[PDB]
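Participant: Below you'll find the structure I mean.
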Amino acid sequence: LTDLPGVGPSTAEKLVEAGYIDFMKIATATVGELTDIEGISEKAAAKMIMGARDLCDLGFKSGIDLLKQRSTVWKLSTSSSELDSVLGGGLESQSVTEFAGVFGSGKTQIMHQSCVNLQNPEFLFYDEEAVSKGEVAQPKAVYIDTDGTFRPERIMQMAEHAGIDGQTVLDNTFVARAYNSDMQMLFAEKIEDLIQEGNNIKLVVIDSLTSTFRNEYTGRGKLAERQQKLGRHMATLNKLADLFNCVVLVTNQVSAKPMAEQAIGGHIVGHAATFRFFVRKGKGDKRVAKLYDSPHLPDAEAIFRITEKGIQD
Ligand SMILES: Nc1ncnc2c1ncn2[C@@H]1O[C@H](COP(=O)(O)OP(=O)(O)NP(=O)(O)O)[C@@H](O)[C@H]1O
Ligand SMILES: [K+]
Ligand SMILES: [K+]
Ligand SMILES: [Mg+2]
Ligand SMILES: [Mg+2]
C-alpha cells in the first residue's frame, strides 16, 4: 500500500483498517469516501487515487489491447451444451447474467449446479495467456439465499453424478440466508471481506433477487424508493464481478403484466443485468432458456433438462 504516492505506513495502516487494501479498491474510489478516513486529506486522497489508477494502468486503450482486456473474461459451463453455446461459451465473469421465469422452471437448480461446476477446474473456460492458473486456483462460491431454498443435499447429489466430491463443494461454498433486502444488500457488500481473508471468490449467487424488494415496497408510491435502493444493489453486484473477475448470477420472478410475461424488478434491473434469460418448462424435465438481451450476442433458445444429476444435455 506504500507503493502508492504519498502513503506513509501510517496512512497505510489506516487504509487497511478502513477496508481499502487493494490498489483497485482505491483506484476506483472517490476523493470523498477516502477522506471519510481520519488523517486522510483531500490531496492525499486525490493523489493515491491518481496513483493507483496509474499503477493499475487504467487509461485509454486501443488496437490489440481491446482484445487483451476482453480475454481476461473467463467463463463457467452450465453443463448444458446448448446453454453454453447460446451463452457464447458459458457464464461470463465481470458481468451479471439473470435467469427469470415461472415457478419451478429450474432457476435455483442452475444456481446449485454452478456452485458445483466451479469445483471442477475443467468447467472454467479461459485463455491461459490472460487468465493465469493461480487466479482461478481454489475457487469459492457465495450463495446469498433470499427465498430460503438452498439445499445441501442437492449440492451433494449433483457432485457425485459429476465425479466431484460433495463435501468438497460444501466446504468451498459460503451461504448467507437473507430475510430482507437489507440483509441481502449487506451480505453482497461483505463479500469483499471474504476476499480480504484469502478466499478466491469466483462465483456469486443471489436467489431470489427481487422477492424482498417487492414485499417491502408494496405501495407503488413507494416504488421510487424501491427502484432506488434496488439500483445501488445492482451497482454493487457489478463492481464486484468487474473488480474480482468472478461471475454473478441472479434469479428473478416474472410479473403477470404483459411473449406474455416480463421479469419483475423494473427498469433498473433491466439496464443493470448484462445477460437476460427467460426459462420455461417443457414436457417432463425438458426446459428452455431464452436469451432476450445481451450486448454482442443474438437472441436464441437453449434446450436442456433437469434430472437427478442436475442440468444436462
Ligand atoms: N433431485 C431431483 N431430481 C430430479 N428433479 C429434481 C430434483 N430436485 C429438484 N428437481 C426438479 O427441480 C424442479 C424445480 O426447480 P427449481 O430451480 O427449484 O424451481 P425455481 O426455478 O427456483 N422456481 P421458483 O421457486 O418459483 O423460483 C422440480 O419441480 C423438480 O422436477
Ligand atoms: K415454488
Ligand atoms: K421460491
Ligand atoms: Mg461487468
Ligand atoms: Mg427457487
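Chain labels run A, B, ... following the order of the C-alpha cells; each chain numbers its residues from 1, and ligands are numbered from 1 in the order shown.
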Could I get the residue neighbourhood of ligand 5 at 12 Å, counting only C-alpha atoms and all ligand atoms, as number ranges by chain?

Facilitator: A: 99-112, 145-151, 205-211, 250-253

Participant: For the interface of chain A with ligand 4 (cut-off 8 Å, counting only C-alpha atoms and all ligand atoms), please tabulate each contacting residue of chain A alongside its nearest pair of atoms and their separation in Å to one decimal, rows sorted by chain and increasing number, as JSON lines.

Facilitator:
{"residue": "A:93", "atom": "CA", "partner": "ligand 4", "partner_atom_place_in_ligand_line": "1 (Mg)", "distance": 7.5}
{"residue": "A:94", "atom": "CA", "partner": "ligand 4", "partner_atom_place_in_ligand_line": "1 (Mg)", "distance": 4.1}
{"residue": "A:95", "atom": "CA", "partner": "ligand 4", "partner_atom_place_in_ligand_line": "1 (Mg)", "distance": 3.8}
{"residue": "A:96", "atom": "CA", "partner": "ligand 4", "partner_atom_place_in_ligand_line": "1 (Mg)", "distance": 6.6}
{"residue": "A:238", "atom": "CA", "partner": "ligand 4", "partner_atom_place_in_ligand_line": "1 (Mg)", "distance": 5.2}
{"residue": "A:239", "atom": "CA", "partner": "ligand 4", "partner_atom_place_in_ligand_line": "1 (Mg)", "distance": 6.7}
{"residue": "A:241", "atom": "CA", "partner": "ligand 4", "partner_atom_place_in_ligand_line": "1 (Mg)", "distance": 5.7}
{"residue": "A:242", "atom": "CA", "partner": "ligand 4", "partner_atom_place_in_ligand_line": "1 (Mg)", "distance": 4.7}
{"residue": "A:274", "atom": "CA", "partner": "ligand 4", "partner_atom_place_in_ligand_line": "1 (Mg)", "distance": 7.5}

Participant: Based on the selection just made, write N, CA and C atoms of those residues as a PDB file, in the first residue's frame.

Facilitator:
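Result file is again-v5.pdb:
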ATOM      1  N   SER A  93     -17.559 -13.944 -16.516  1.00  0.00           N
ATOM      2  CA  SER A  93     -17.128 -13.257 -15.317  1.00  0.00           C
ATOM      3  C   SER A  93     -17.132 -11.771 -15.685  1.00  0.00           C
ATOM      4  N   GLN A  94     -17.154 -10.897 -14.680  1.00  0.00           N
ATOM      5  CA  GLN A  94     -17.181  -9.447 -14.900  1.00  0.00           C
ATOM      6  C   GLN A  94     -18.545  -8.931 -15.391  1.00  0.00           C
ATOM      7  N   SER A  95     -19.539  -9.815 -15.394  1.00  0.00           N
ATOM      8  CA  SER A  95     -20.888  -9.470 -15.840  1.00  0.00           C
ATOM      9  C   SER A  95     -21.935 -10.172 -14.977  1.00  0.00           C
ATOM     10  N   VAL A  96     -23.143  -9.618 -14.983  1.00  0.00           N
ATOM     11  CA  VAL A  96     -24.280 -10.153 -14.227  1.00  0.00           C
ATOM     12  C   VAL A  96     -25.291 -10.800 -15.165  1.00  0.00           C
ATOM     13  N   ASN A 238     -22.295  -5.423  -9.770  1.00  0.00           N
ATOM     14  CA  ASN A 238     -21.499  -5.304 -10.974  1.00  0.00           C
ATOM     15  C   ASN A 238     -20.061  -4.923 -10.718  1.00  0.00           C
ATOM     16  N   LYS A 239     -19.827  -4.041  -9.749  1.00  0.00           N
ATOM     17  CA  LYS A 239     -18.464  -3.633  -9.436  1.00  0.00           C
ATOM     18  C   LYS A 239     -17.724  -4.877  -8.991  1.00  0.00           C
ATOM     19  N   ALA A 241     -18.328  -8.184  -9.812  1.00  0.00           N
ATOM     20  CA  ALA A 241     -17.981  -9.029 -10.946  1.00  0.00           C
ATOM     21  C   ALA A 241     -16.814  -8.451 -11.729  1.00  0.00           C
ATOM     22  N   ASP A 242     -16.805  -7.133 -11.877  1.00  0.00           N
ATOM     23  CA  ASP A 242     -15.737  -6.470 -12.609  1.00  0.00           C
ATOM     24  C   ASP A 242     -14.405  -6.572 -11.852  1.00  0.00           C
ATOM     25  N   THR A 274     -26.560  -7.752 -17.483  1.00  0.00           N
ATOM     26  CA  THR A 274     -25.825  -7.893 -18.743  1.00  0.00           C
ATOM     27  C   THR A 274     -26.473  -8.907 -19.676  1.00  0.00           C
TER      28      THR A 274
END

Participant: Which residue out of A:193, A:153, A:313, A:82 has the minimum interatomic distance to ligand 1 when only C-alpha atoms and all ligand atoms are used?

Facilitator: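 Result for the nearest residue to ligand 1: A:153.
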
Participant: For segment 51-65 of chain A, please output as a list in words all residues within 7 Å (counting only C-alpha atoms; exclusion window: fewer than 6 positions along the same chain).

Facilitator: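 Once the adjacent positions are removed, what remains is residues 4, 5, 23, 24, 26 and 27 of chain A.
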
Participant: Hey, can you spit out that residue selection with N, CA, C and O atoms as an mmCIF file, in the first residue's frame?

Facilitator:
data_model
loop_
_atom_site.group_PDB
_atom_site.id
_atom_site.type_symbol
_atom_site.label_atom_id
_atom_site.label_comp_id
_atom_site.auth_asym_id
_atom_site.auth_seq_id
_atom_site.Cartn_x
_atom_site.Cartn_y
_atom_site.Cartn_z
ATOM 1 N N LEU A 4 1.943 3.304 -3.214
ATOM 2 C CA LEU A 4 1.138 4.447 -3.615
ATOM 3 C C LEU A 4 1.774 5.766 -3.232
ATOM 4 O O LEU A 4 2.204 5.962 -2.099
ATOM 5 N N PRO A 5 1.841 6.697 -4.187
ATOM 6 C CA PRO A 5 2.435 8.010 -3.943
ATOM 7 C C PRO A 5 1.826 8.761 -2.762
ATOM 8 O O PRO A 5 0.620 9.013 -2.713
ATOM 9 N N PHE A 23 -5.197 -2.116 -4.567
ATOM 10 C CA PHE A 23 -4.926 -0.927 -5.348
ATOM 11 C C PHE A 23 -6.167 -0.513 -6.128
ATOM 12 O O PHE A 23 -6.396 0.672 -6.339
ATOM 13 N N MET A 24 -6.972 -1.489 -6.547
ATOM 14 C CA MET A 24 -8.191 -1.204 -7.306
ATOM 15 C C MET A 24 -9.251 -0.549 -6.441
ATOM 16 O O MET A 24 -9.852 0.435 -6.843
ATOM 17 N N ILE A 26 -8.987 1.359 -4.259
ATOM 18 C CA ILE A 26 -8.520 2.742 -4.132
ATOM 19 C C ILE A 26 -8.537 3.529 -5.440
ATOM 20 O O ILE A 26 -8.850 4.723 -5.455
ATOM 21 N N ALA A 27 -8.191 2.845 -6.526
ATOM 22 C CA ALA A 27 -8.135 3.440 -7.856
ATOM 23 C C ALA A 27 -9.517 3.751 -8.383
ATOM 24 O O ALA A 27 -9.684 4.656 -9.198
#

Participant: Under the rule that only C-alpha atoms are counted, which of A:170, A:141, A:240, A:21 is the nearest residue to residue 199 of chain A?

Facilitator: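 Ranking A:170, A:141, A:240, A:21 by distance to residue 199 of chain A, first place goes to A:141.
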
Participant: From the list A:201, A:259, A:254, A:296, which residue is nearest ligand 3 when using only C-alpha atoms and all ligand atoms?

Facilitator: A:254

Participant: If you count only C-alpha atoms, which residues fall within 12 Å of residue 20 of chain A, apart from same-chain ones fewer than 4 positions away, as number ranges by chain?

Facilitator: A: 1, 11-16, 24-30, 33-37, 45, 48-49, 52, 192-193, 196

Participant: Counting only C-alpha atoms and all ligand atoms, which residue out of A:257, A:281, A:212, A:136 sits closest to ligand 3?

Facilitator: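 Using only C-alpha atoms and all ligand atoms, ligand 3 sits closest to A:212.
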
Participant: From a DSSP pass on the backbone, collect the residues of segment 107-302 of chain A flagged as strand (DSSP E) and hand them back as JSON, numbers by chain.

Facilitator: {"A": [124, 125, 139, 140, 141, 142, 143, 144, 145, 173, 174, 175, 176, 177, 200, 201, 202, 203, 204, 205, 206, 207, 247, 248, 249, 250, 251, 252, 254, 255, 262, 263, 275, 276, 277, 278, 279, 280, 281, 286, 287, 288, 289, 290, 291, 292, 293, 300, 301, 302]}

Participant: Segment 13-160 of chain A: which residues are alpha helix (DSSP H) by DSSP, as number ranges by chain?

Facilitator: A: 13-17, 23-27, 42-55, 65-70, 81-86, 107-118, 152-160

Participant: If you measure from atom CA of residue 237 of chain A to atom CA of residue 204 of chain A, what distance in Å do you get, rounded to one decimal?

Facilitator: 8.7 Å

Participant: Applying 8 Å and only C-alpha atoms, which residues near residue 86 of chain A remain after dropping the ones on its own chain fewer than 6 positions away? List them as JSON, numbers by chain.

Facilitator: {"A": [291, 300, 301, 302]}

Participant: Print the selection's residues with N, CA and C atoms to a file, as a PDB file, in the first residue's frame.

Facilitator:
ATOM      1  N   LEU A 291     -32.497 -16.402 -24.493  1.00  0.00           N
ATOM      2  CA  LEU A 291     -31.655 -15.222 -24.338  1.00  0.00           C
ATOM      3  C   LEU A 291     -32.346 -14.075 -25.070  1.00  0.00           C
ATOM      4  N   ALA A 300     -31.601 -16.131 -28.659  1.00  0.00           N
ATOM      5  CA  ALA A 300     -31.682 -17.542 -29.017  1.00  0.00           C
ATOM      6  C   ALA A 300     -32.184 -18.425 -27.877  1.00  0.00           C
ATOM      7  N   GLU A 301     -32.594 -19.646 -28.216  1.00  0.00           N
ATOM      8  CA  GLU A 301     -33.110 -20.588 -27.230  1.00  0.00           C
ATOM      9  C   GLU A 301     -32.221 -21.800 -27.045  1.00  0.00           C
ATOM     10  N   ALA A 302     -32.185 -22.304 -25.814  1.00  0.00           N
ATOM     11  CA  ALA A 302     -31.379 -23.456 -25.464  1.00  0.00           C
ATOM     12  C   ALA A 302     -32.229 -24.499 -24.755  1.00  0.00           C
TER      13      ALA A 302
END

Participant: Compile the contact shell of residue 224 of chain A as an MDAnalysis selection string: residues with an atom at most 12 Å away, counting only C-alpha atoms, same-chain residues fewer than 5 positions apart removed.

Facilitator: chainID A and resid 213:214 217:219 229:231 265:268

Participant: Atom 16 (P, counted along the ligand's line) of ligand 1 and atom CA of residue 115 of chain A, how far apart in Å?

Facilitator: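 These two atoms are separated by 14.9 Å.
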